[PDB]
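Let's start with one chain on its own, the form solved without the ligand, as structure tokens.
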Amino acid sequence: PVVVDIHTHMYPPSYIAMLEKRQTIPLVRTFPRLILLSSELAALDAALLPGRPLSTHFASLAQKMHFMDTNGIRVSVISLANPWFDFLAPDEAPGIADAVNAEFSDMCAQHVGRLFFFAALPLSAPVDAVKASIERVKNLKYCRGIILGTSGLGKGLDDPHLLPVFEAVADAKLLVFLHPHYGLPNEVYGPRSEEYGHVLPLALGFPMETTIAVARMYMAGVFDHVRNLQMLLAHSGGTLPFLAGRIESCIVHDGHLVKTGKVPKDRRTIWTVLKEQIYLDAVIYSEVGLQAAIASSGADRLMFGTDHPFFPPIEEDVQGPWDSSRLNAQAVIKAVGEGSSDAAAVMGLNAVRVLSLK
């Protein structure tokens, strides 16, 4: 069966030009260096070494195909990487989103049958412009969904003004790939965080941000309001499979919510949402986490990803197989067994079915 990577990124050339133009994070400059995160500010100021290196791996389509060929991946569903268009002024974002989504469509056309994309949306623009962009991207060749950050329009996913956006994407039958970026306020990592490289913001901040975003969305009733909405969660839902039971217990034991009628007997539990409206990527690095994800959403709702090109080997050949991909592939084998139907499903067949790649 076919191996599909649904969590894989590129920065197209026109997007790169935007980051070198910028004065504040997010930005790109030579010391090029990719400085995307708030946690990287202290290292940047000391260097004005900071952030992570900008490589050919972000920008080159040839490099993407080579990665796929050397890591046993047949199909990639590529997306613009964080932070997308969030920093752009409301009047300019639609035009830039258009140009970038056009570049992705054109890239996919270069390797017919091996490349599809999640489109990025001009979420700093008015809702009318966002809806216009949605209608445009659903008619671009090779587009198979939307990538969305946790901040939504700027006030998170429980923002009432975002509901028409959710409705529009759902009605268009576009899968929403939710992806972190803002992490947690750097103060939580304490006065020694610089000593630990990027480990705390990447290993903890990102998945925690995703969990909080989805929990807010769930608590605000978004999934009930937009019943046809389907969402794919980055990094196996962040921590959601592990905390789902705790969330449920805290809800049913919340005095205020129960007494104010927010916990009716017929409420759809987070477990139900996890099985009905949520897909999970398998970017989790261990069969321990992966088994929890499978138990939460079902093996028919888990999808292999690599997070290419963010985790290259540090000492091994960057042109050879990547450990950061192998770890996830091995997690699948260890959890459900090599050659099994579950393995085939997670490794690509689920994505083929859900994204109509067949």
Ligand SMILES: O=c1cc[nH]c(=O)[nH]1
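Sequential numbering from 1, following the sequence displayed.
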property	result
Continuity check for residue 295 and residue 296, given as deposited residues lacking coordinates between them	none
Length class of the unmodelled deposited segment, which would lie between residue 31 and residue 32	4 to 9
Greater mean Cα temperature factor according to the PDB record, 96 to 104 or 241 to 249	96 to 104
Residue range whose averaged C-alpha B-factor is higher in the record, 17 to 25 or 343 to 351	17 to 25
Residue with highest C-alpha B-factor in the PDB entry, from 79, 277, 260, 236	260
Residue with maximal Cα B-factor (values as given in the PDB entry) among 332, 61, 303, 47	47
Third of chain Cα B-factors occupied by residue 267	highest
Relative C-alpha B-factor of residue 323, binned into the chain's lowest, middle or highest third	middle
Chain thirds of CA B-factor: placement of residue 180	lowest
Lowest, middle or highest third - CA B-factor, residue 136	middle
Record-listed C-alpha B factor of residue 150: chain third	middle
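Although not depicted, the form solved in complex with the ligand is the subject of the following passage.
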item	value
Shown-form site status with respect to the ligand as positioned in the deposited bound form after superposition (2.4 Å backbone/C-beta criterion, 3+ atoms)	open
Option from 61 to 69, 286 to 294, 323 to 331, 308 to 316 whose residues, in the deposited bound form, bring a heavy atom within 4.5 Å of the ligand	308 to 316
Within 4.5 Å of the ligand in the deposited bound form, all of 144, 230 and 279 (non-hydrogen atom)	no
The unique member of 257, 88, 202, 219 whose heavy atoms fall within 4.5 Å of the ligand in the deposited bound form	202
Proximity to the ligand in the deposited bound form, single hit among 82, 150, 124, 133 (heavy atom within 4.5 Å)	82
Distance check, residue 52 to the ligand in the deposited bound form, heavy atom within 4.5 Å	yes
4.5 Å heavy atom contact, residue 116 to the ligand in the deposited bound form	no
Exercise: residue 41 in contact with the ligand in the deposited bound form, heavy atom 4.5 Å	no
Contact of residue 104 with the ligand in the deposited bound form (heavy atom, 4.5 Å)	no
